[PDB]
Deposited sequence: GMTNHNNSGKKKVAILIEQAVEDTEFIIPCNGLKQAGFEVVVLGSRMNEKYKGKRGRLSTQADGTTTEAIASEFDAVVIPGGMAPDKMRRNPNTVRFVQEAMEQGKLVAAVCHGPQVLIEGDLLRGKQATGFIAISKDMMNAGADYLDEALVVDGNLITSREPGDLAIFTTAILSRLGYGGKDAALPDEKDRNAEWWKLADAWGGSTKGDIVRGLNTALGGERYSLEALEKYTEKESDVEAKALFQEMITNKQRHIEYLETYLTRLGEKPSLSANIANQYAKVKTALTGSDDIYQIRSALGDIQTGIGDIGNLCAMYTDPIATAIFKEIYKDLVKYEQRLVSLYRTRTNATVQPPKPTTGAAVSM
């Protein structure tokens, strides 16, 4: 029976521990949770995971394990300060055991100087640290470099876990990691990640935010007499409509009728009729504030679901919002003949 260590510390990203744990248990492998100490209740950053350790990285013997899983969140910041944990992972790597790290997990690999020349991925926030540690950083769902398996975020957990399981001799009933059409979210769902309901709820949050911003932009464009600012707003309207199509397409695939539901609700009709005046510079401040709201909200959605497709949609929207923020702030600077006022968001998060 294969023995696998899952490392834990406080504030671990819950699903990054939960999914691999359930995937490994469902496959019939012995999972040993290795913490810094016994009798400490380790809590996930989102408060869903709560567990004590089975053992500690101080007494754990690397040779007994077939694989070591390093989850993310803020746990690696604490794990890397434990010299026993660093030692344990270095010994596992040295002995040819599978070392699998997701999200911030590679910080433990950085601490052990285990990334020199390695092709790997990890959460975008630590990408420069990985590169500085000598890694060929790739923006990929999965990177396997010999015995090192890495992934980026909760959206990749299904593929991450599948890659671990297959290399442990369990590929069943499971798609190939190179399968271009696998419904990865369903695997993550079976292993304790996002439900279909969870994913639809997230897509709906993004969609509602885009519908709102579309109505606001159409209101701003007709109030903007200036031909150039009007041009930027019209280009942003096209972008919103594009995002709305993607979200509706994916929602439709997941069994929803988003267009019908939206027609029935009519939640954003009062955005156009609400009076606000037509000051040219004020519309730009409003639009800039609205885009910053989106960057915050959509940014948060990028790390919340164990579906790589929903995750990819949110990242595309985020990328477009950041690009348009730079375009609005440029336009805003040029029009204002004074110290520019901060962005003025018209709705809450």
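Student: Could you name the stretches of the deposited sequence that have no C-alpha atoms in this structure?
Tutor: Unmodelled stretches: 1 to 9, 182 to 184, 362 to 365.
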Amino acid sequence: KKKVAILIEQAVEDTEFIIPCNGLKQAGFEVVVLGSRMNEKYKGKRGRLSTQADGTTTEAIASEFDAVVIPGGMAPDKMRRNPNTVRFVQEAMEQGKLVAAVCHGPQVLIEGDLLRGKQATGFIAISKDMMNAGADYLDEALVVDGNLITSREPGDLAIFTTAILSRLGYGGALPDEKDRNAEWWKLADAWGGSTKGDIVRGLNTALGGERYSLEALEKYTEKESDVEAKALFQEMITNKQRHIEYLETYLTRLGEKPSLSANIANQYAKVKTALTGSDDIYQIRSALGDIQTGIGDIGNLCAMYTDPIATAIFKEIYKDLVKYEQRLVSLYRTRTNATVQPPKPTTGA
From here on, numbers count along this sequence of modelled residues.
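Student: Going by the B-factors listed in the PDB entry, is the mean over the C-alpha atoms higher for 109 to 117 or for 262 to 270?
Tutor: Averaged over C-alpha atoms, the B-factors run higher in 262 to 270.
Student: Check the entry's C-alpha temperature factors for 332 to 340 and 18 to 26, then say which stretch has the higher mean.
Tutor: Mean CA B-factor is higher for 332 to 340.
Student: Per the entry's values, where does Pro76 land by CA temperature factor relative to the rest of its chain, in the lowest, middle or highest third?
Tutor: Its C-alpha B-factor belongs to the middle third of this chain's values.
Student: Among all modelled residues of this chain, ranked by Cα B factor, put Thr51 in the bottom, middle or top third, i.e. lowest, middle or highest.
Tutor: Highest third.
Student: Quick one: classify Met38 as lowest, middle or highest third of the chain based on its Cα B-factor.
Tutor: As the PDB entry reports it, the C-alpha B-factor of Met38 lands in the highest third of its chain.
Student: Going by the recorded CA B-factors, say which third of the chain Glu183 sits in, lowest, middle or highest.
Tutor: Its C-alpha B-factor belongs to the highest third of this chain's values.
Student: Among the modelled residues of this chain, does the Cα B factor of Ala100 put it in the lowest, middle or highest third?
Tutor: According to the entry, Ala100 has a C-alpha B-factor in the chain's lowest third.
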